[PDB]
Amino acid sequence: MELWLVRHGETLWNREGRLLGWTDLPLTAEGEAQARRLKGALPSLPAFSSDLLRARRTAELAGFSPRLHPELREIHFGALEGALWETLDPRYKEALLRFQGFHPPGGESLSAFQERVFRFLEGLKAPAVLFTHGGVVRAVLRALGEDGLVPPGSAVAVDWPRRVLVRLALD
């Protein structure tokens, strides 16, 4: 199934390097610029979006009127929301780098996050554009044998659940 996953534009915590999950930050001026650039670079397909502000705003600026789904939200970091990556305990850093065995207090485990994301994707019966988050895109890429956290305001098209089709980044 052809699915286009879009990572929302940048927020302040992108440059600050803080874990950004359910904290509802708005896009920065540049983030909105990145979103605008997506308009015309994404196919006209039904759209779904994380209900978090930065994702919804990215979808709007990209020219879409998506159906909101909490299932497309970034992982919930719990007590780690807002934590600087730099000073994150090595055990948490490794869990996030290896994408396994991560369950922050008051948050969501990586395995539960994956279950949530993949269950949502399984329900998509036709091609669509999904406005979402870095962790969601990473979960999909990693499950397809590819690594890397695509830049803010960029997109990746995949043939779910078989392979990545194209990675699209604009300047």
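Position 1 is the first residue in the sequence shown; the rest follow in order.
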query: Per the entry, higher mean C-alpha B factor between 144-152 and 21-29; finding: 144-152
query: Stretch with the greater mean C-alpha B-factor as recorded in the entry, comparing 63-71 against 133-141; finding: 63-71
query: Candidate residues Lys39, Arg116, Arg54, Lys125, the one whose C-alpha B factor the record puts highest; finding: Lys39
query: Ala112, C-alpha B-factor rank within chain (lowest, middle or highest third); finding: lowest
query: Modelled-residue ranking by C-alpha temperature factor, third containing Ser50; finding: lowest
query: Third of the chain's Cα B-factor distribution that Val6 belongs to, per the entry; finding: lowest
query: Third of the chain, ranked by Cα B-factor, where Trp85 sits; finding: highest
query: Third of the chain, ranked by Cα B-factor, where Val166 sits; finding: middle
